[PDB]
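Worksheet: the structure to be examined is printed underneath.
FYI the Cβ positions are ideal-geometry reconstructions off the backbone, even for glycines, and counts take in every protein chain you see. None of the figures in this text is laboratory data; all of them are computed from the coordinates on show.
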Amino acid sequence: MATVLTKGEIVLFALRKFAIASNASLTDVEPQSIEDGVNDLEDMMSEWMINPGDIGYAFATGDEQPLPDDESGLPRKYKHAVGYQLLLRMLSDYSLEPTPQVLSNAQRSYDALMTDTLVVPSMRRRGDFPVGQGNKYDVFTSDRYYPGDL
Amino acid sequence: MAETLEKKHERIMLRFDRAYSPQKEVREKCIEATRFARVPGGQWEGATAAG
């Protein structure tokens, strides 16, 4: 994609959005808070394979370790949602509580992500339900009664 | 111009088309009605395969 999201960029976004490590609040950044953040992101993405479903995350192949310089594989349309969810999960490390505006932003981004993965399964006919004489089950098609399976 | 000479045949063919053209939409209704009443699946003809 456009510039390719790395796993370190997402955790830096989350750290910046609450004024923990950025150049436009005071100063500073730590190296352990990065490994902790990246591991938290990996575990979150593992969990998301259940409720929100797969979104294309690129996991580490074999054991090794994630490393912040690895390519995430996510489209750029998801970074705000992922970053806000990660910030919500990792706020309590520093003993902080989110403000209402942060919660509102997180909910809006999550809703945008949810809208892009809908299915609406569209239930089918049963299998003992007849198909009428009107569509000529003898000659044109075969098998009067719907299959309703496959 | 007749018998083997087919100059009669073009006149016959022209007469056929002249007779066919006016009574063209009238007979369609007759055929559709007979087929609508008698053919087993004929009441849905036009849709048949729709989904």
Can you find a residue that is in contact (Cβ under 8 Å) with a residue 40 or more places away in the chain, outside any loop (DSSP other than H, G, I, E, B) and not small (G, A, S) anywhere in region A:26-33?
no
State all residues of region B:14-48 that are hydroxyl-bearing (S, T, Y) and surrounded by 10 or more Cβ atoms within 10 Å (Cβ to Cβ); if no residue qualifies, say none.
B:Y20, B:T34, B:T48
Of all residues in region A:11-41, which are within 15 Å of A:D69 (Cβ to Cβ) and buried (at least 16 other Cβ atoms within 10 Å of the Cβ)?
A:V11, A:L12, A:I34, A:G37, A:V38, A:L41
I'd like the full set of residues that are within 14 Å of another protein chain (Cβ to nearest Cβ) and assigned to a helix (DSSP H, G or I), limited to chain B.
B:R35, B:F36, B:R38, B:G42, B:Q43, B:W44
Residues being hydrophobic (A, V, I, L, M, F, W, C) and not in a loop (DSSP other than H, G, I, E, B): count how many of those fall in region A:39-58.
3
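Rundown of residues vs (1) among the aromatic types (F, W, Y); (2) within 21 Å of A:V11 (Cβ to Cβ); (3) touching a residue at least 12 places away in the same chain (Cβ under 8 Å), yes/no style:
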{"residue": "A:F59", "(1), (2), (3)": "yes, yes, yes"}
{"residue": "A:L67", "(1), (2), (3)": "no, yes, yes"}
{"residue": "A:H80", "(1), (2), (3)": "no, yes, yes"}
{"residue": "A:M123", "(1), (2), (3)": "no, no, no"}
{"residue": "A:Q133", "(1), (2), (3)": "no, no, no"}
{"residue": "A:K136", "(1), (2), (3)": "no, no, no"}
{"residue": "A:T141", "(1), (2), (3)": "no, no, no"}
Closer than 30 Å to B:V39 by Cα and either surrounded by 14 or more Cβ atoms within 10 Å (Cβ to Cβ) or touching a residue at least 12 places away in the same chain (Cβ under 8 Å) (or both): does that describe A:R89?
no
Does A:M1 qualify as being touching a residue at least 60 places away in the same chain (Cβ under 8 Å) and either exposed (fewer than 11 other Cβ atoms within 10 Å of the Cβ) or not in a helix (DSSP H, G or I) (or both)?
yes
Of all residues in region A:95-150, which are polar (S, T, N, Q), assigned to a helix (DSSP H, G or I) and within 14 Å of chain B (Cβ to nearest Cβ)?
A:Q133, A:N135
